[PDB]
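As structure tokens, the structure follows; a few thoughts come after it.
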Amino acid sequence: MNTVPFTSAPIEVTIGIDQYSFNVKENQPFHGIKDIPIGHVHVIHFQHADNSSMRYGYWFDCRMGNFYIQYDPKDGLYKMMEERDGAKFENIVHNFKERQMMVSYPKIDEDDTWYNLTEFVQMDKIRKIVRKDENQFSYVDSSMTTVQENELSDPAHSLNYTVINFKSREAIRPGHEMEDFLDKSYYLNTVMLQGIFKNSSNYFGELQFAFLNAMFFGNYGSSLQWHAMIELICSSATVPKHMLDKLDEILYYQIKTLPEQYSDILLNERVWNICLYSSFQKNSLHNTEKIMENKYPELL
Amino acid sequence: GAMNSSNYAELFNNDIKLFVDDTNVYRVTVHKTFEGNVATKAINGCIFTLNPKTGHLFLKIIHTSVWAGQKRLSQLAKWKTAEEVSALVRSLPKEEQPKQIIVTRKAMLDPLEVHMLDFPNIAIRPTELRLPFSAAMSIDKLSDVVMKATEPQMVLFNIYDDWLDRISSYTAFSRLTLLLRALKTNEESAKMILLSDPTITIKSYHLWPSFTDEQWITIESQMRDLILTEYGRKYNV
Ligand SMILES: O=C(O)[C@H]1CCCCN1Cc1ccccc1
């Protein structure tokens with residue numbers, strides 16, 4: 001198990017760690033999070049009590065370095081940093097643990113939720129979507145725009161998701177206009193899977209990362225990306241059986257985790273009704289259709 | 001965006017534009033089969049592609065052979081229309097290509113946009129106007145060329161005859177839409193009005209009779225009466 005210590009908590013803040021969250025009071029003796037499961041990416045996120053504007057946070061993997069959080073009073077936020085002195089870091093953590101100044105990552109043994117939401121998410125792929133090469137962790141916030149959003153304004157602070165556009169020359173072969181528009185299999189299998197992502201694991205990793213940034217930061221462009229990547233599969237008549245079965249599992253856990261009270265803003269009625277009831281794959285997403293109908297029957 | 005009554009003079013400016021109407025692309029008759037089921041028989045159709053400023057009509061005749069062995073014909077017909085309009089644009093010299101294409105039915109937007117991806121600067125627009133271009137098949141010379149076709153064929157017409165020698169495009173389009181609306185509402189009576197005077201003929205190179213300016217005013221009033229008359233018959237007014 002690994003640890004992300006905090007120098008201190010000078011401002012009152014709600015801290016998220018993956019799907020969990022807890023409140024820290026102004027100047028409360030809080031010095032970080034311990035017992036973080038090794039083997040998965042993680043996200044540590046923030047919403048200030050005095051200004052809920054800008055949720056922000058950091059994706060990281062404790063196998064890649066020793067990371068800690070320290071508040072910056074000039075830039076007004078909790079920043080992730082890497083400690084290169086390993087002996088210094090182990091000493092700091094051991095002292096904070098001995099003084100019991102840390103919250104424990106509260107994973108129930110039975111509970112595979114975080115694995116199920118991050119199965120295909122890799123830190124190396126996150127770092128290509130979120131470009132800041134001098135750090136091993138990646139900053140994301142509520143307001144960051146995607147490369148596609150910018151085409152339709154600072155590129156260094158953008159989310160470089162793969163552009164998906166159903167009415168684009170990339171999506172439509174000359175001479176197969178009707179075929180390719182009504183059946184997106186070419187665009188999914190040849191252009192995206194074979195061409196850009198190389199395999200379905202990388203496609204699912206981006207899909208999962210987009211969902212998590214939408215849910216944890218309210219990032220609108222990430223929500224657009226998540227729905228586009230679902231619709232591309234559902235609107236293809238020819239999809240490998242193993243991808244369809246895996247997609248059903250991925251979506252089921254995403255829908256299960258979504259706050260009931262955020263459904264109005266995180267779910268696109270058109271896309272979901274199209275995908276579950278009209279698309280080529282309308283009958284391939286049994287687990288997802290069942291949880292959607294029982295949890296969000298209004299949306300449908 | 002969409003073309004309506006607010007921006008109506010835009011039709012007659014110097015930016016090349018075409019209307020595309022697909023109503024008559026896929027045409028069928030319905031008949032009982034020997035077993036007492038129902039079947040369709042497709043008949044020849046046409047794409048109606050019109051420059052409203054000049055009157056140039058590009059009438060692509062759709063021969064029934066294009067439907068052979070195809071499924072979902074009403075969907076296919078929109079894509080066939082878009083394919084043919086795209087082909088027409090590519091066949092025109094650059095300086096004759098439209099800057100906008102206005103589709104009369106919103107179901108043509110995606111098929112045409114997709115076929116025109118290579119022309120990102122040609123705007124594809126719907127319209128709020130209810131235009132009577134379905135009645136094109138009520139113009140005898142157009143119906144004749146469509147029904148006689150034995151293969152795909154493009155035929156070019158000027159749907160305004162020589163009217164632009166005497167009236168503006170705006171007035172020519174208004175007369176055309178009034179004539180077509182009348183032919184759509186009561187074809188028999190409209191053709192009666194247009195021909196009831198044997199001394200006014202249709203030139204070989206024209207679609208409509210050779211009315212003088214005064215006679216067009218009379219004809220136009222008779223068409224408006226016909227439309228109003230049918231409106232009263234329909235709604236019991
Ligand atoms: O198909 C068309 O556009 C024209 C062609 C001329 C004959 C029929 N009508 C439509 C029609 C279809 C089916 C039953 C009745 C009428």
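So you can find residues: chains in the structure tokens are A, B, ... in the order shown, residues in each start at 1, and ligands are numbered from 1 in order.
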Practice task
At a cut-off of 9 Å, list the chain B residues touching chain A, using only C-alpha atoms, as a PyMOL selection string.
Solution key: chain B and resi 76+79+83+110-111+113-115+117-118
Take the selection from the previous step and output its residues with N, CA and C atoms, as a PDB file, in the first residue's frame.
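The new file selection-v5.pdb reads:
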ATOM      1  N   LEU B  76     -33.022   5.114 -49.453  1.00  0.00           N
ATOM      2  CA  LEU B  76     -32.027   5.129 -50.517  1.00  0.00           C
ATOM      3  C   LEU B  76     -32.206   6.357 -51.405  1.00  0.00           C
ATOM      4  N   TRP B  79     -30.322   9.397 -50.405  1.00  0.00           N
ATOM      5  CA  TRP B  79     -28.886   9.275 -50.639  1.00  0.00           C
ATOM      6  C   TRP B  79     -28.558   9.337 -52.132  1.00  0.00           C
ATOM      7  N   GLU B  83     -26.183  11.977 -53.876  1.00  0.00           N
ATOM      8  CA  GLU B  83     -25.141  11.531 -54.794  1.00  0.00           C
ATOM      9  C   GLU B  83     -25.203  12.302 -56.115  1.00  0.00           C
ATOM     10  N   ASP B 110     -28.635  15.630 -43.914  1.00  0.00           N
ATOM     11  CA  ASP B 110     -27.472  14.772 -43.627  1.00  0.00           C
ATOM     12  C   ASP B 110     -26.986  14.061 -44.873  1.00  0.00           C
ATOM     13  N   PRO B 111     -27.835  13.476 -45.702  1.00  0.00           N
ATOM     14  CA  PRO B 111     -27.352  12.843 -46.931  1.00  0.00           C
ATOM     15  C   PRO B 111     -26.552  13.824 -47.784  1.00  0.00           C
ATOM     16  N   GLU B 113     -25.123  16.835 -46.823  1.00  0.00           N
ATOM     17  CA  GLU B 113     -23.895  17.219 -46.131  1.00  0.00           C
ATOM     18  C   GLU B 113     -22.795  16.168 -46.282  1.00  0.00           C
ATOM     19  N   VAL B 114     -23.146  14.898 -46.094  1.00  0.00           N
ATOM     20  CA  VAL B 114     -22.156  13.840 -46.159  1.00  0.00           C
ATOM     21  C   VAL B 114     -21.568  13.727 -47.565  1.00  0.00           C
ATOM     22  N   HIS B 115     -22.420  13.776 -48.591  1.00  0.00           N
ATOM     23  CA  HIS B 115     -21.924  13.759 -49.963  1.00  0.00           C
ATOM     24  C   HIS B 115     -21.098  14.986 -50.333  1.00  0.00           C
ATOM     25  N   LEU B 117     -18.895  16.639 -48.311  1.00  0.00           N
ATOM     26  CA  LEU B 117     -17.817  16.922 -47.359  1.00  0.00           C
ATOM     27  C   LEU B 117     -16.606  17.544 -48.034  1.00  0.00           C
ATOM     28  N   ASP B 118     -16.364  17.193 -49.298  1.00  0.00           N
ATOM     29  CA  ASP B 118     -15.275  17.732 -50.105  1.00  0.00           C
ATOM     30  C   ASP B 118     -15.445  19.214 -50.423  1.00  0.00           C
TER      31      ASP B 118
END
Exercise for the section: Quick one: pick out all strand (DSSP E or B) residues within segment 113-146 of chain B from a backbone DSSP run and write them as a count of residues only. Expected result: 4
Practice task
Once DSSP has gone over the backbone, tell me which residues of segment 116-299 of chain A are in alpha helix (DSSP H), as a VMD selection string.
Solution key: chain A and resid 116 to 118 123 to 129 147 to 151 177 to 182 185 200 to 217 220 to 234 241 to 257 263 to 266 269 to 273 286 to 295
Contacts of chain B with ligand 1 up to 7 Å, shortest pair per row, only C-alpha atoms and all ligand atoms, as JSON lines:
{"residue": "B:23", "atom": "CA", "partner": "ligand 1", "partner_atom_place_in_ligand_line": "3 (O)", "distance": 6.9}
{"residue": "B:24", "atom": "CA", "partner": "ligand 1", "partner_atom_place_in_ligand_line": "3 (O)", "distance": 5.6}
{"residue": "B:26", "atom": "CA", "partner": "ligand 1", "partner_atom_place_in_ligand_line": "3 (O)", "distance": 6.5}
{"residue": "B:27", "atom": "CA", "partner": "ligand 1", "partner_atom_place_in_ligand_line": "1 (O)", "distance": 3.5}
{"residue": "B:28", "atom": "CA", "partner": "ligand 1", "partner_atom_place_in_ligand_line": "1 (O)", "distance": 3.9}
{"residue": "B:29", "atom": "CA", "partner": "ligand 1", "partner_atom_place_in_ligand_line": "8 (C)", "distance": 4.9}
{"residue": "B:30", "atom": "CA", "partner": "ligand 1", "partner_atom_place_in_ligand_line": "14 (C)", "distance": 5.1}
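Using only C-alpha atoms, the residues found no farther than 10 Å from residue 42 of chain A, other than those of its own chain fewer than 4 positions away, are residues 17, 18, 19, 36, 37, 38, 58, 59, 60, 61, 62, 114, 118, 121, 123 and 137 of chain A.
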Restricted to C-alpha atoms, what would the selected residues look like written as a PDB file, in the first residue's frame?
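Listed below is the output, result_22.pdb:
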ATOM      1  CA  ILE A  17      -9.737  10.075  -3.682  1.00  0.00           C
ATOM      2  CA  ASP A  18     -11.120   7.921  -6.503  1.00  0.00           C
ATOM      3  CA  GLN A  19     -14.860   7.401  -5.778  1.00  0.00           C
ATOM      4  CA  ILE A  36      -3.770   3.428  -1.388  1.00  0.00           C
ATOM      5  CA  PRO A  37      -4.048   0.211  -3.440  1.00  0.00           C
ATOM      6  CA  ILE A  38      -1.060  -0.495  -5.622  1.00  0.00           C
ATOM      7  CA  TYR A  58      -4.381  14.935 -10.236  1.00  0.00           C
ATOM      8  CA  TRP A  59      -4.155  11.500 -11.836  1.00  0.00           C
ATOM      9  CA  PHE A  60      -1.196   9.491 -10.544  1.00  0.00           C
ATOM     10  CA  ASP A  61       0.218   5.991 -10.012  1.00  0.00           C
ATOM     11  CA  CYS A  62       2.303   5.515  -6.847  1.00  0.00           C
ATOM     12  CA  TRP A 114     -12.340   1.083  -8.765  1.00  0.00           C
ATOM     13  CA  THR A 118     -10.152   1.824 -14.462  1.00  0.00           C
ATOM     14  CA  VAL A 121      -6.800   3.110 -17.904  1.00  0.00           C
ATOM     15  CA  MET A 123      -0.941   6.372 -16.666  1.00  0.00           C
ATOM     16  CA  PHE A 137       1.143  12.958 -12.657  1.00  0.00           C
TER      17      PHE A 137
END
Problem - Shell around residue 98 of chain A at 12 Å using only C-alpha atoms, local window under 5 positions removed, as a list in words - result: residues 31, 34, 91, 92 and 93 of chain A
Problem - Surrounding residues of segment 148-163 of chain A excluding itself and chain neighbours under 5 positions, 12 Å, only C-alpha atoms, as a PyMOL selection string - result: chain A and resi 125-133+138-143+168+170-171+187+191-193+195-197+202-203+205-211+213-214+219-226+228-229+232
Exercise for the section: Within 10 Å of residue 65 of chain A, counting only C-alpha atoms, which residues show up once you throw out same-chain ones fewer than 5 positions away? Write them as a VMD selection string, please. Expected result: chain A and resid 60 81 to 84 86 136 to 137
